[PDB]
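K.L.:
Handing you this structure, nothing more for now.
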Amino acid sequence: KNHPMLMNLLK
Amino acid sequence: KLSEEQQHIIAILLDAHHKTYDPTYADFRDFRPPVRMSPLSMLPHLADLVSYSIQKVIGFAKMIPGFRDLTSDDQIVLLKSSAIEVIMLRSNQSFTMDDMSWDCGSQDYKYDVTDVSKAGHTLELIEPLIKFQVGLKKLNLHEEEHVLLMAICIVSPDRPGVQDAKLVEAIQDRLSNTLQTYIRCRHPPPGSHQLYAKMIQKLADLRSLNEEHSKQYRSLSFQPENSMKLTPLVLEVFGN
Ligand SMILES: CCC(O)(CC)CS[C@@H](C)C1=CC[C@H]2/C(=C/C=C3C[C@@H](O)C(=CCO)[C@H](O)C3)CCC[C@]12C
């Protein structure tokens, strides 16, 4: 939640 | 005693590590230049180091057998809480006891106590962090045990906010058993003595270090002037 970049790096 | 699956898990984690840790430290030239004179003069440089390091830990985490089977939300929680711990662990590879500093290729990229001080941290963290590095180094882990410890650290069921802790616990256990069995077969005595128990204890030290780091991070991140010097990723993962 609220984690755009960490979500993107996890593919 | 090492099954085929466990020899596979170790092959995966070794490769995953080698693809996410460059021992030539070539990328360090991309980070903001380190300043040694000057309050928080090392903050911009080490902030970038950590931000870079968070990316690499994520790359390693994705390749941990079973990690993918988890929900994205549990993936997020595990990384967000383990990130600083895994960076402290993986940093042991550049840490030399010859002078108690992280030696990353050159003098400019060699970091010691005073450098961390000029990053905004007190001795209340720095001393036990070095103590940790020294105690971990003296274990002389096989690189196989090194990568297993980081994976086991990342997949901890007890992290606050985890949902399917059962699945997380089943991923970690399969990793624990792989480590325990590896120590028996591949790590000869006496260096294998209590080796697993001592490694798990390091996960305990990391919990304490994490707890202390967060405390000091919030104090530093409280002043927007310091928060500016960080990166968007570091802010997203370490909290806003
Ligand atoms: C700047 C403030 C902040 O709290 C948060 C952004 C970090 S300071 C302190 C807590 C800390 C932890 C890891 C330590 C260190 C890590 C060293 C690494 C070098 C290398 O081994 C490495 C990767 C090679 O690419 C690791 O990922 C990180 C040594 C210096 C000090 C470092 C950064």
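Simple scheme: letters A, B, ... for chains in structure tokens order, numbers from 1 for residues in each chain, numbers from 1 for ligands in the order shown.
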Name the residues, by chain letter and number, that sit within 6 Å of ligand 1 using only C-alpha atoms and all ligand atoms, and give them as an mmCIF file with N, CA and C atoms, in the first residue's frame.
P.N.:
```cif
data_model
loop_
_atom_site.group_PDB
_atom_site.id
_atom_site.type_symbol
_atom_site.label_atom_id
_atom_site.label_comp_id
_atom_site.auth_asym_id
_atom_site.auth_seq_id
_atom_site.Cartn_x
_atom_site.Cartn_y
_atom_site.Cartn_z
ATOM 1 N N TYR B 21 25.230 -8.647 -6.710
ATOM 2 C CA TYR B 21 26.355 -8.074 -5.976
ATOM 3 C C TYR B 21 27.621 -8.036 -6.831
ATOM 4 N N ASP B 22 28.003 -6.835 -7.255
ATOM 5 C CA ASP B 22 29.206 -6.642 -8.060
ATOM 6 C C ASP B 22 30.398 -6.325 -7.162
ATOM 7 N N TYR B 25 32.459 -3.165 -7.570
ATOM 8 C CA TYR B 25 31.871 -1.923 -7.083
ATOM 9 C C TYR B 25 31.955 -0.816 -8.129
ATOM 10 N N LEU B 43 25.823 11.919 3.927
ATOM 11 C CA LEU B 43 24.438 11.481 3.799
ATOM 12 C C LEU B 43 24.015 11.259 2.348
ATOM 13 N N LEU B 46 25.883 7.978 0.930
ATOM 14 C CA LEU B 46 25.465 6.708 1.512
ATOM 15 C C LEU B 46 23.975 6.463 1.288
ATOM 16 N N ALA B 47 23.206 7.543 1.185
ATOM 17 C CA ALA B 47 21.790 7.438 0.851
ATOM 18 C C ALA B 47 21.637 6.755 -0.501
ATOM 19 N N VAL B 50 22.632 3.012 -0.248
ATOM 20 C CA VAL B 50 21.542 2.218 0.301
ATOM 21 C C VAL B 50 20.414 2.051 -0.713
ATOM 22 N N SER B 53 21.442 -0.302 -3.077
ATOM 23 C CA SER B 53 21.497 -1.592 -2.402
ATOM 24 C C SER B 53 20.109 -2.191 -2.184
ATOM 25 N N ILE B 87 20.879 -5.528 3.924
ATOM 26 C CA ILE B 87 21.962 -4.663 3.476
ATOM 27 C C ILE B 87 23.120 -4.709 4.470
ATOM 28 N N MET B 88 22.794 -4.731 5.759
ATOM 29 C CA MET B 88 23.809 -4.886 6.793
ATOM 30 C C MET B 88 24.498 -6.243 6.669
ATOM 31 N N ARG B 90 24.675 -8.245 3.795
ATOM 32 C CA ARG B 90 25.413 -8.358 2.542
ATOM 33 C C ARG B 90 26.633 -7.444 2.554
ATOM 34 N N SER B 91 26.593 -6.414 3.393
ATOM 35 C CA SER B 91 27.702 -5.471 3.496
ATOM 36 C C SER B 91 28.932 -6.137 4.102
ATOM 37 N N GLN B 93 30.442 -8.492 3.146
ATOM 38 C CA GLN B 93 31.340 -8.920 2.080
ATOM 39 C C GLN B 93 32.420 -7.878 1.790
ATOM 40 N N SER B 94 32.121 -6.615 2.072
ATOM 41 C CA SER B 94 33.079 -5.539 1.846
ATOM 42 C C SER B 94 33.727 -5.092 3.151
ATOM 43 N N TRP B 102 34.162 -0.729 5.853
ATOM 44 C CA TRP B 102 33.662 -1.333 4.625
ATOM 45 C C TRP B 102 34.492 -0.850 3.439
ATOM 46 N N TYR B 111 34.490 3.064 3.766
ATOM 47 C CA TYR B 111 33.672 3.734 4.770
ATOM 48 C C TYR B 111 33.964 3.222 6.178
ATOM 49 N N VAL B 116 29.983 7.061 8.830
ATOM 50 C CA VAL B 116 28.606 6.771 9.214
ATOM 51 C C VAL B 116 28.083 7.847 10.163
ATOM 52 N N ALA B 119 26.804 10.615 8.435
ATOM 53 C CA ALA B 119 25.590 10.238 7.723
ATOM 54 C C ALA B 119 24.381 10.522 8.609
ATOM 55 N N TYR B 217 16.652 6.740 12.022
ATOM 56 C CA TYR B 217 16.238 7.178 10.696
ATOM 57 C C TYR B 217 15.110 8.198 10.787
#
```
K.L.:
With 8 Å as the limit and counting only C-alpha atoms, what residues in chain A lie close to chain B? Please list them as a ChimeraX atom specification.
P.N.:
/A:1,3,5-7,9-10
K.L.:
Based on the backbone DSSP call, show me all residues of chain A assigned alpha helix (DSSP H), as a PyMOL selection string.
P.N.:
chain A and resi 4-9
K.L.:
Please dump the current selection as a compact mmCIF listing (two decimals), in the first residue's frame; keep N, CA and C atoms.
P.N.:
```txt
# COMPACT_ATOMS: atom_id res chain seq x y z
N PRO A 4 4.49 2.48 -4.83
CA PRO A 4 4.56 2.38 -6.29
C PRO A 4 5.86 1.75 -6.79
N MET A 5 6.98 2.21 -6.24
CA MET A 5 8.30 1.86 -6.77
C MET A 5 8.75 0.47 -6.36
N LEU A 6 8.50 0.11 -5.10
CA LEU A 6 8.84 -1.22 -4.61
C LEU A 6 7.98 -2.26 -5.32
N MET A 7 6.76 -1.87 -5.66
CA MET A 7 5.84 -2.76 -6.36
C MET A 7 6.33 -3.00 -7.79
N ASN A 8 6.89 -1.96 -8.40
CA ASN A 8 7.36 -2.03 -9.78
C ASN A 8 8.64 -2.85 -9.89
N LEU A 9 9.50 -2.75 -8.89
CA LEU A 9 10.76 -3.47 -8.88
C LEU A 9 10.55 -4.97 -8.65
```
K.L.:
Residues near residue 221 of chain B, anyone? I mean within 12 Å using only C-alpha atoms, not counting same-chain ones fewer than 2 positions away, as a PyMOL selection string.
P.N.:
chain B and resi 43+47+119-121+213-219+223-231+234-235+238-240
K.L.:
Could you save the residues just selected, with N, CA, C and O atoms, as a tab-separated table (two decimals), in the first residue's frame?
P.N.:
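Dumped everything to part_38.tsv:
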```
chain	number	residue	atom	x	y	z
B	43	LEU	N	25.82	11.92	3.93
B	43	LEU	CA	24.44	11.48	3.80
B	43	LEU	C	24.01	11.26	2.35
B	43	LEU	O	23.45	10.22	2.02
B	47	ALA	N	23.21	7.54	1.18
B	47	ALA	CA	21.79	7.44	0.85
B	47	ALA	C	21.64	6.75	-0.50
B	47	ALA	O	20.80	5.87	-0.67
B	119	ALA	N	26.80	10.62	8.44
B	119	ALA	CA	25.59	10.24	7.72
B	119	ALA	C	24.38	10.52	8.61
B	119	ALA	O	23.24	10.46	8.15
B	120	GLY	N	24.64	10.82	9.88
B	120	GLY	CA	23.58	11.19	10.79
B	120	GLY	C	23.24	10.15	11.84
B	120	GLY	O	22.14	10.15	12.39
B	121	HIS	N	24.19	9.26	12.14
B	121	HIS	CA	23.95	8.22	13.13
B	121	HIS	C	24.86	8.34	14.35
B	121	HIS	O	26.00	8.78	14.24
B	213	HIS	N	18.07	1.31	14.05
B	213	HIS	CA	18.23	2.09	12.83
B	213	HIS	C	16.98	2.91	12.52
B	213	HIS	O	17.07	4.09	12.19
B	214	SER	N	15.82	2.26	12.63
B	214	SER	CA	14.55	2.92	12.35
B	214	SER	C	14.40	4.14	13.26
B	214	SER	O	14.02	5.22	12.81
B	215	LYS	N	14.73	3.95	14.53
B	215	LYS	CA	14.65	5.02	15.52
B	215	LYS	C	15.47	6.22	15.06
B	215	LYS	O	14.98	7.35	15.05
B	216	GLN	N	16.71	5.97	14.66
B	216	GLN	CA	17.60	7.05	14.24
B	216	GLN	C	17.23	7.59	12.87
B	216	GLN	O	17.45	8.76	12.58
B	217	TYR	N	16.65	6.74	12.02
B	217	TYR	CA	16.24	7.18	10.70
B	217	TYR	C	15.11	8.20	10.79
B	217	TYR	O	15.11	9.20	10.08
B	218	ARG	N	14.15	7.94	11.66
B	218	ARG	CA	13.02	8.84	11.84
B	218	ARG	C	13.47	10.19	12.38
B	218	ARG	O	12.91	11.23	12.02
B	219	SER	N	14.48	10.17	13.24
B	219	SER	CA	15.00	11.40	13.82
B	219	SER	C	15.67	12.25	12.74
B	219	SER	O	15.52	13.47	12.71
B	223	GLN	N	13.70	16.22	9.94
B	223	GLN	CA	14.05	17.48	9.30
B	223	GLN	C	13.96	17.34	7.79
B	223	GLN	O	14.75	16.61	7.17
B	224	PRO	N	13.00	18.03	7.16
B	224	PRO	CA	12.83	17.97	5.71
B	224	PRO	C	14.11	18.28	4.94
B	224	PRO	O	14.27	17.86	3.80
B	225	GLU	N	15.02	19.02	5.58
B	225	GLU	CA	16.28	19.38	4.95
B	225	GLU	C	17.16	18.15	4.74
B	225	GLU	O	17.93	18.08	3.79
B	226	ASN	N	17.04	17.18	5.65
B	226	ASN	CA	17.78	15.93	5.54
B	226	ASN	C	17.02	14.95	4.66
B	226	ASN	O	17.61	14.21	3.88
B	227	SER	N	15.69	14.96	4.80
B	227	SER	CA	14.83	14.11	4.00
B	227	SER	C	15.04	14.38	2.52
B	227	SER	O	14.89	13.48	1.68
B	228	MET	N	15.41	15.61	2.19
B	228	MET	CA	15.67	16.00	0.81
B	228	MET	C	16.86	15.26	0.24
B	228	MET	O	16.91	14.94	-0.95
B	229	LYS	N	17.84	14.97	1.09
B	229	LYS	CA	19.11	14.42	0.65
B	229	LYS	C	18.98	12.94	0.34
B	229	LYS	O	19.87	12.35	-0.28
B	230	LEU	N	17.88	12.34	0.77
B	230	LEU	CA	17.62	10.93	0.51
B	230	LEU	C	17.07	10.73	-0.90
B	230	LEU	O	16.98	11.69	-1.67
B	231	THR	N	16.72	9.50	-1.24
B	231	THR	CA	16.15	9.20	-2.54
B	231	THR	C	14.68	8.80	-2.41
B	231	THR	O	14.23	8.44	-1.33
B	234	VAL	N	14.40	5.15	-1.12
B	234	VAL	CA	14.74	5.07	0.30
B	234	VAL	C	13.62	5.63	1.17
B	234	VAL	O	13.34	5.11	2.25
B	235	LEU	N	12.96	6.68	0.69
B	235	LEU	CA	11.83	7.26	1.41
B	235	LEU	C	10.62	6.32	1.40
B	235	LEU	O	9.92	6.20	2.40
B	238	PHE	N	11.83	3.01	3.62
B	238	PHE	CA	12.17	3.27	5.01
B	238	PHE	C	11.12	4.13	5.72
B	238	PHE	O	11.22	4.38	6.92
B	239	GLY	N	10.12	4.58	4.97
B	239	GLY	CA	9.01	5.30	5.57
B	239	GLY	C	9.05	6.80	5.32
B	239	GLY	O	10.12	7.38	5.15
B	240	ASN	N	7.87	7.41	5.31
B	240	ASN	CA	7.75	8.85	5.08
B	240	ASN	C	7.12	9.56	6.29
B	240	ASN	O	6.05	10.18	6.12
```
K.L.:
Would you give me, as a VMD selection string, the residues in segment 8-239 of chain B that DSSP reads as strand (DSSP E or B)?
P.N.:
chain B and resid 95 to 96 101 to 103 110 to 111
K.L.:
Quick one: pull the distance between atom CA of residue 198 of chain B and atom CA of residue 140 of chain B, Å, one decimal.
P.N.:
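These atoms are spaced 11.7 Å apart.
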K.L.:
As an exercise, work out the distance from atom CA of residue 16 of chain B to atom CA of residue 154 of chain B in Å and give it to one decimal place.
P.N.:
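Taking atom CA of residue 16 of chain B and atom CA of residue 154 of chain B, their separation equals 13.9 Å.
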